[PDB]
RNA sequence: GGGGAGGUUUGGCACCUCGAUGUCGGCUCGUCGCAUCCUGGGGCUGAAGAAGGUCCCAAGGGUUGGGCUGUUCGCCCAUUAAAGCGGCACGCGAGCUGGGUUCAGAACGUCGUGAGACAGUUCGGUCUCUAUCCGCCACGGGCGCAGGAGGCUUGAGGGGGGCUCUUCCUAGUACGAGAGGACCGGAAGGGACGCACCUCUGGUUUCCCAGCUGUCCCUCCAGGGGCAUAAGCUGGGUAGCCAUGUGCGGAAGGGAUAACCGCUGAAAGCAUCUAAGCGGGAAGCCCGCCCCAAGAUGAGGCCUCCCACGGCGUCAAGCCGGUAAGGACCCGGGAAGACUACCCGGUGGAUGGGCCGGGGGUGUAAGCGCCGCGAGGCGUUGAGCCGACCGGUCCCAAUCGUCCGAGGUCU
RNA sequence: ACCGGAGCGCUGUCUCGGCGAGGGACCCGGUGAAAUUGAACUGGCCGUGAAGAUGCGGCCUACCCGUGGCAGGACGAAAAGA
RNA sequence: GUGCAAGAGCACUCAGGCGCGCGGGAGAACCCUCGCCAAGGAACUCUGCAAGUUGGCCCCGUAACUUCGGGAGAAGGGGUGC
RNA sequence: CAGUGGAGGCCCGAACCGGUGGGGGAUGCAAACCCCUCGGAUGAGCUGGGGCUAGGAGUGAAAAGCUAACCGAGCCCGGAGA
RNA sequence: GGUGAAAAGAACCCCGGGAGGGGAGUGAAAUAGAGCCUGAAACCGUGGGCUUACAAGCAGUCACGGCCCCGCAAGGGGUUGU
Ligand SMILES: [Mg+2]
Ligand SMILES: [Mg+2]
Ligand SMILES: [Mg+2]
Ligand SMILES: [Mg+2]
Ligand SMILES: [Mg+2]
Ligand SMILES: [Mg+2]
Ligand SMILES: [Mg+2]
Ligand SMILES: [Mg+2]
Ligand SMILES: [Mg+2]
Ligand SMILES: [Mg+2]
Ligand SMILES: [Mg+2]
Ligand SMILES: [Mg+2]
Ligand SMILES: [Mg+2]
Ligand SMILES: [Mg+2]
Ligand SMILES: [Mg+2]
Ligand SMILES: [Mg+2]
Ligand SMILES: [Mg+2]
Ligand SMILES: [Mg+2]
Ligand SMILES: [Mg+2]
Ligand SMILES: [Mg+2]
Ligand SMILES: [Mg+2]
Ligand SMILES: [Mg+2]
Ligand SMILES: [Mg+2]
Ligand SMILES: [Mg+2]
Ligand SMILES: [Mg+2]
Ligand SMILES: [Mg+2]
Ligand SMILES: [Mg+2]
Ligand SMILES: [Mg+2]
Ligand SMILES: [Mg+2]
Ligand SMILES: [Mg+2]
Ligand SMILES: [Mg+2]
Ligand SMILES: [Mg+2]
Ligand SMILES: [Mg+2]
Ligand SMILES: [Mg+2]
Ligand SMILES: [Mg+2]
Ligand SMILES: [Mg+2]
Ligand SMILES: [Mg+2]
Ligand SMILES: [Mg+2]
Ligand SMILES: [Mg+2]
Ligand SMILES: [Mg+2]
Ligand SMILES: [Mg+2]
Ligand SMILES: [Mg+2]
Ligand SMILES: [Mg+2]
Ligand SMILES: [Mg+2]
Ligand SMILES: [Mg+2]
Ligand SMILES: [Mg+2]
Ligand SMILES: [Mg+2]
Ligand SMILES: [Mg+2]
Ligand SMILES: [Mg+2]
Ligand SMILES: [Mg+2]
Ligand SMILES: [Mg+2]
Ligand SMILES: [Mg+2]
Ligand SMILES: [Mg+2]
Ligand SMILES: [Mg+2]
Ligand SMILES: [Mg+2]
Ligand SMILES: [Mg+2]
Ligand SMILES: [Mg+2]
Ligand SMILES: [Mg+2]
Ligand SMILES: [Mg+2]
Ligand SMILES: [Mg+2]
Ligand SMILES: [Mg+2]
Ligand SMILES: [Mg+2]
Ligand SMILES: [Mg+2]
Ligand SMILES: [Mg+2]
Ligand SMILES: [Mg+2]
Ligand SMILES: [Mg+2]
Ligand SMILES: [Mg+2]
Ligand SMILES: [Mg+2]
Ligand SMILES: [Mg+2]
Ligand SMILES: [Mg+2]
Ligand SMILES: [Mg+2]
Ligand SMILES: [Mg+2]
Ligand SMILES: [Mg+2]
Ligand SMILES: [Mg+2]
Ligand SMILES: [Mg+2]
Ligand SMILES: [Mg+2]
Ligand SMILES: [Mg+2]
Ligand SMILES: [Mg+2]
Ligand SMILES: [Mg+2]
Ligand SMILES: [Mg+2]
Ligand SMILES: [Mg+2]
Ligand SMILES: [Mg+2]
Ligand SMILES: [Mg+2]
Ligand SMILES: [Mg+2]
Ligand SMILES: [Mg+2]
Ligand SMILES: [Mg+2]
Ligand SMILES: [Mg+2]
Ligand SMILES: [Mg+2]
Ligand SMILES: [Mg+2]
Ligand SMILES: [Mg+2]
Ligand SMILES: [Mg+2]
Ligand SMILES: [Mg+2]
Ligand SMILES: [Mg+2]
Ligand SMILES: [Mg+2]
Ligand SMILES: [Mg+2]
Ligand SMILES: [Mg+2]
Ligand SMILES: [Mg+2]
Ligand SMILES: [Mg+2]
Ligand SMILES: [Mg+2]
Ligand SMILES: [Mg+2]
Ligand SMILES: [Mg+2]
Ligand SMILES: [Mg+2]
Ligand SMILES: [Mg+2]
Ligand SMILES: [Mg+2]
Ligand SMILES: [Mg+2]
Ligand SMILES: [Mg+2]
Ligand SMILES: [Mg+2]
Ligand SMILES: [Mg+2]
Ligand SMILES: [Mg+2]
Ligand SMILES: [Mg+2]
Ligand SMILES: [Mg+2]
Ligand SMILES: [Mg+2]
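Protein chains in written order, with the deposited numbering: chain BK, 1 to 122; chain BP, 1 to 137; chain BD, 1 to 204; chain BN, 2 to 118; chain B2, 2 to 53.
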């Protein structure tokens, strides 16, 4: 469960290293955001001269979480960090070639782009 | 009625018996039924089993591996119509039932900690390659 | 207006097509109709199913003169299932086809004298900065001189749970006519071994 | 509440256990013991396991029972005299019946624990 | 001595009334098989002992 | 320029309260008003559509999280369907708080010769275990309910609930030059909230299992105990209780209406929704769903079981007794429980305790053998130990017994 | 151990609460206080009244007695308002 | 006395001395003292108040600034048993 | 420069002295206590015993603090039935 | 502060560990029996009469009625239903 003051590892190469959540973009007050959820964030650290700067308020999408996701098939998946990929306002990934796994949830949500670049969809 | 539980147990015909015994603390490849776009591949998953969680039916287990520098654990229903077959693939001296402790070691020290269960290896390659012949003739 | 008595036996989940389903299992033994209530004799219509098999010994009551008056091996309990008149002499799981939606009634587990925090999901005080003796307290309960009283219904702590709880509209999954089982969507009141009653819902 | 569980206790655990333990040592040493009903109804099923445990013989079980009673000699007696008598009997190695007198000026109810015979 | 206090001396009536559930009920006694003695049921009772 | 309503502002007055009515802000818990922020219904529009504007109707529900300040307020960030305003002693300190303000300490600006002073700043600064009544939440005891008793129920009357978005099909159709983009009808997925629930996931699980340090003991080795919390520490954990987990809910529908839209139609040859009459029309009203409920003293109904008098009072009400159905005691207990109550069982018995089996947890006990100088390792071994769960089995214990309970008034 | 601002670490401070331990609370036996107290047979609303009513008016509701609980009222207690 | 780098510290323990002059049950809310907690990790709040993290010794290493003593236990690390 | 040396209102830390923050207590164990935390700890140190200073007076690293449990002028008796 | 005229201060038996009582006895009187004359009130109790569990209260008053009691009745007393 990602939430407001939470830090996310940056999964693409937008030249951001970390954003902390800021708001989760479910309903008018969702308590948490999970895999496949787009949140507003703040870049807290960012590689020298990337596309994205420290302090840029951005949209991104939770590709990996530390709290296990249940699948209707009765199984579950969990990753050793929380991670998102910064995406466009129209919703396309701002970077290219994202890395580290990803949840199939991403697919069913309309994020094929990222999963295509995803080196391994779990 | 004094059955009570026996009745829950009747509710179970869903029992599968094909998948092998595997102790925690030794790697397994589980071939899982996956919904891709709208088809059904069999994604594999090959890690150390970290936690079997006995409850008869709906007993379950988890396996943990590092997919691309990122760790992953998957929780599996031991009798899931979605497991194709679970290939055992290495027997290890666990020394302790639930072993999440391995989460903060993840490296070579794991290896120095999870030696090979020489006993149970001997058992398998034996009564396996040894029951191969009992099938023939 | 189907209906049958049962006991929350337990629950587990089972797999349908290709996804897990959380199911609770009700055993709904063959309920012997034991009286019927007409619009003429009773003024309303319904039907009195019995349930558990009783020792003809402990039935020493004037109860014998009921079972007897309808020739029914004495049961343990018997409730009416309003507005539903069957046939034969007993109702069985067979009233329920898998996929029919039911309302199960039950008796919530009993939490005794309950905290306002547990009984109403009240906020209660701050674990930290301020005082320390109002940690789990309801806090204010009123105004001043006006009204100068507390409202009835005010949420306050005390005996909560162990009450009649109907959870509407669960889906019947495979009903085991054999061993008298009735499979459902899990969310059904009371502990295992409790009497419960299942019925047709209100979807339309 | 949450009592939905099972098995009682007054005193705290370090102490509660020691209680049981001493109450056994006495029972085995004295065959009969007077004590409050609860205290007793509880101690009841504690000895049974130690009796039934002595019905076995291996030093594992000797050593095991040695854990709760700490006196060699009394366990000697447990295995040597007490256990025999209880062969062919399965469970119930012990009895308690409530006495009709209350303790005075604390008004506790009393009762009797007995190496069954 | 502090914060909440009784606003009026409760009256002889009101007092005695609260007291209405105060009366005790006599013990439960039964004769024993052995003596003509009187016992609380399910007890043992001295000067009478017991069998088995 | 004029007339009002409200009683949330700033005031005026000085009426209760100076043998005391604790002040701002917050928290907690709210509940009311509507002059409505959202959602529902509508009229006009300088309304093509989409989006809006203004007014009308409508409290049913909802009305986010942060930055700054003691702040309220306000600005700002990110959202939203919307981030409504007021009342309740500017609701709530015998509910919390005590940052603000107005005790004593100290300092700055400042005024004063001075002591000191300042809706000027600044740092510090004791917030009182026990509820009598009313009120409220829950729970019993009594009696009542014109015979007594067991079981099942009617529902007068109350209470709970009531939110809302997004994407898709319709359809890229109506409208439009284009950009844009609908009504209506249908589908799917969410947010928050509510009620249940433990299968799953995830907690705890105070002795269920393991390991480890120091020490002191049993018994020298082995093995084990105490203590290091009220678990010494650590790793892990069943049932139970739980949310982060699972299910379900908001309806549908019927009815009557609001604004409003109309049919027919006078008065008033026409015209008009109205005066007679009628139809449509709201997330709102009444129903419906859920829960409580016959102290509904207006004490309801059904099914069933027990049933005359044995002695005084001259008609009359009663009084005393052993009984009936049946009930109570006492006991073994319980996902029932503060007590009580409720429910099950009480030898014709599985209710508890043991014992057994399973489930489950721990993860290979001890002892012996074997390899190694040794710490250890390996085998016997998934061993040993093993709460609570699902069962079984009369080994122990629910022994035996006591008490109460009608004889049913009058036209 | 001064007062202000910021960051890292860490956290039940918070989202948002849950379980558990014990000492109380509860129940039984012994002992047994206190402030307070005009007397009390002490309900809701809308009025009204010295302008904030259990005690006036009107209407509504309400069988008798307690036990565990909560703090809105008794302009509750306390201190002849600082 | 033993152990811990040392000690009058800490844990356990000799000698010696005590279990604190109301008990018994139960296993509700609530209060106190204490333990743990998924994801998050100051969003709490007047304020990280409170809790937590850190912690001994040994070695490596250590900045602005400085009144040349300091700042230093800066910081950050590695080792620790048998 | 190395050695030796062993200074200091030096450092860490018990006794001892003290009271920083929080919680608890608030008809208390207690008319100032308890717990956790914290400050000093060779000095302007703590401390036993013997002495001297007092009411417009003493004493005061100064708070109008202390001067026998309320000190912007002690307690007692008196003027006094101000 | 107070037995009584006088101690005649209660032998003796009985229940009880005692205390205290019950008889016996003394005295004019012992509810004059030993902090004992008289022994009021608040206050606690036991027995009896009337009364009360659909009812709203400064507790009374006015009326009628029922019950109980004193008197032959006319009357009065107690209680309280409306
Ligand atoms: Mg690939
Ligand atoms: Mg790929
Ligand atoms: Mg490639
Ligand atoms: Mg398990
Ligand atoms: Mg029964
Ligand atoms: Mg809280
Ligand atoms: Mg405080
Ligand atoms: Mg307080
Ligand atoms: Mg009022
Ligand atoms: Mg049990
Ligand atoms: Mg009286
Ligand atoms: Mg103002
Ligand atoms: Mg005037
Ligand atoms: Mg006053
Ligand atoms: Mg006051
Ligand atoms: Mg006051
Ligand atoms: Mg004020
Ligand atoms: Mg409009
Ligand atoms: Mg428009
Ligand atoms: Mg439009
Ligand atoms: Mg209107
Ligand atoms: Mg309006
Ligand atoms: Mg309203
Ligand atoms: Mg509102
Ligand atoms: Mg509401
Ligand atoms: Mg703020
Ligand atoms: Mg402002
Ligand atoms: Mg409001
Ligand atoms: Mg206010
Ligand atoms: Mg108040
Ligand atoms: Mg306040
Ligand atoms: Mg302040
Ligand atoms: Mg403060
Ligand atoms: Mg301040
Ligand atoms: Mg100030
Ligand atoms: Mg000041
Ligand atoms: Mg001024
Ligand atoms: Mg200040
Ligand atoms: Mg300070
Ligand atoms: Mg306060
Ligand atoms: Mg405070
Ligand atoms: Mg208290
Ligand atoms: Mg409502
Ligand atoms: Mg509705
Ligand atoms: Mg299309
Ligand atoms: Mg276009
Ligand atoms: Mg679970
Ligand atoms: Mg765990
Ligand atoms: Mg568990
Ligand atoms: Mg153990
Ligand atoms: Mg040894
Ligand atoms: Mg050995
Ligand atoms: Mg010992
Ligand atoms: Mg010891
Ligand atoms: Mg543990
Ligand atoms: Mg939830
Ligand atoms: Mg015409
Ligand atoms: Mg016309
Ligand atoms: Mg009525
Ligand atoms: Mg007869
Ligand atoms: Mg007859
Ligand atoms: Mg009989
Ligand atoms: Mg009978
Ligand atoms: Mg009974
Ligand atoms: Mg029987
Ligand atoms: Mg039998
Ligand atoms: Mg059994
Ligand atoms: Mg082995
Ligand atoms: Mg071995
Ligand atoms: Mg071994
Ligand atoms: Mg040998
Ligand atoms: Mg095992
Ligand atoms: Mg075994
Ligand atoms: Mg047998
Ligand atoms: Mg049998
Ligand atoms: Mg009788
Ligand atoms: Mg004054
Ligand atoms: Mg004591
Ligand atoms: Mg841990
Ligand atoms: Mg946590
Ligand atoms: Mg964690
Ligand atoms: Mg965590
Ligand atoms: Mg928040
Ligand atoms: Mg601030
Ligand atoms: Mg702190
Ligand atoms: Mg640590
Ligand atoms: Mg520094
Ligand atoms: Mg060592
Ligand atoms: Mg030195
Ligand atoms: Mg120094
Ligand atoms: Mg220092
Ligand atoms: Mg000293
Ligand atoms: Mg000082
Ligand atoms: Mg201070
Ligand atoms: Mg307090
Ligand atoms: Mg000196
Ligand atoms: Mg003077
Ligand atoms: Mg004096
Ligand atoms: Mg004079
Ligand atoms: Mg004499
Ligand atoms: Mg005498
Ligand atoms: Mg004689
Ligand atoms: Mg004696
Ligand atoms: Mg005497
Ligand atoms: Mg006389
Ligand atoms: Mg007299
Ligand atoms: Mg005397
Ligand atoms: Mg006397
Ligand atoms: Mg008298
Ligand atoms: Mg009389
Ligand atoms: Mg009456
Ligand atoms: Mg009379």
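Cβ coordinates follow ideal geometry from the N, Cα and C atoms, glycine included.
Counting C-beta atoms within 10 angstroms of its own C-beta, residue 31 (chain BD) has 16 or more neighbours from the protein chains shown and is therefore classed as buried.
Here the alpha carbons of residue 111 (chain BD) and residue 19 (chain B2) stand approximately 30 angstroms from one another.
Three or more Cβ pairs drawn from the region 31-47 of chain BK and the region 6-16 of chain BK lie within less than 8 angstroms of each other, which places the two stretches in contact. Our two residues, residue 30 (chain BP) and residue 127 (chain BP), have alpha carbons roughly 22 angstroms apart in a direct line.
Sixteen is the threshold: when 16 or more other Cβ atoms of the shown chains lie within 10 Å of the Cβ of residue 21 (chain BK), as they do, the residue is buried. In this chain, the beta strand (DSSP E) harbouring residue 103 (chain BD) covers 101-107. Taking 8 angstroms as the cut-off between beta carbons, the residues of the region 4-27 of chain BD near chain BK are 13, 15, 18, 19 and 20, in sequence order. Residue 114 (chain BD) has its CB no nearer than 7 angstroms to any heavy atom of ligand 7. Ligand 9 approaches residue 146 (chain BD) closely enough that one of its heavy atoms is under 7 angstroms from the residue's Cβ.
Of 30 (chain BK), 119 (chain BK), 54 (chain BK) and 92 (chain BK), the smallest CA-CA separation from residue 70 (chain BP) is found for 119 (chain BK). Pairing residue 48 (chain BN) with residue 76 (chain BP), the inter-Cα distance amounts to about 44 angstroms.
For residue 78 (chain BD), the nearest beta carbon of chain BP is not closer than 8 angstroms to its own beta carbon. As the crow flies, the alpha-carbon of residue 95 (chain BN) is around 53 angstroms from that of residue 131 (chain BD). Here the alpha carbons of residue 108 (chain BD) and residue 2 (chain BD) stand approximately 23 angstroms from one another. Across the structure, residue 55 (chain BK) and residue 18 (chain BK) are spaced so that their CA atoms are roughly 11 angstroms apart. Taking C-beta atoms as the reference points, residue 28 (chain BD) and residue 195 (chain BD) fail to come closer than 8 angstroms. Annotation: residue 42 (chain BN) to residue 75 (chain BN) spans about 23 angstroms, alpha carbon to alpha carbon.
Residue 106 (chain BD) sits away from residue 117 (chain BD), with the two beta carbons spaced by 8 angstroms or more.
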